[PDB]
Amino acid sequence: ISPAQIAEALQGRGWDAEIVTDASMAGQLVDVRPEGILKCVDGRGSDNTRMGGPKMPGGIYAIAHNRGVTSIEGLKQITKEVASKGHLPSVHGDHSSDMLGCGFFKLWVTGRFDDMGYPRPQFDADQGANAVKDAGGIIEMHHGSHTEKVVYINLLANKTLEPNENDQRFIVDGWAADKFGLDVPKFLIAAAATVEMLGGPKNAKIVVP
């Protein structure tokens, strides 16, 4: 899917979308490092000490969700898969709602994706976090409130953007979906629906090389 197709798809859902250059993001783009956790698009600050990893909704839950994987065994398999592909796998909570502090997972476990054709997870938030931890993953915990003002959809392979708790943004590394063989259009639409259902801003900037 091309940057223009992504913008068109988002505009079809009532979003404002614009394509921007990698040069316009100078000073913010960073190379992905193997030590970084593949983590959520959440714009808040957190206890993360493993920066420089890719961003996907709910961390590795985006992969399970896109593939319709709902079992604890399947979640552990994905944890090890991510660890085998150059990133430390993670899921997260926050210090306001504990493991229900991940908006994406809360939407999934409460059935908000039902009519988009997604099956529900066969575990709750605490069980999922414990399984990821048991399989070698990291549990991140955010703090503060959501104040995201924009959604960046980064298409530059092996690069990412980092959270700024003081001028927040949702960050989606679209290129990472391709890396994991996901149904990409489905992944991006799920990301869009997530932001919509969380009341976030339907305003996207698509970063291209």
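Residues carry their position along the shown sequence, with the first being 1.
Judged by mean Cα B factor in the deposited record, 67-75 ranks above the other of 84-92 and 67-75. Here 174-182 and 157-165 are compared by their mean Cα B-factor, and 174-182 comes out higher. Annotation for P34: C-alpha temperature factor in the middle third relative to the rest of the modelled chain, per the entry. Among the modelled residues of the chain, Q28 sits in the middle third by CA temperature factor in this PDB entry.
Sort the chain's modelled residues by C-alpha temperature factor and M99 lands in the lowest third, per the entry.
Among all modelled residues in its chain, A7 ranks in the middle third by Cα B-factor. Among all modelled residues in its chain, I1 ranks in the highest third by Cα B-factor.
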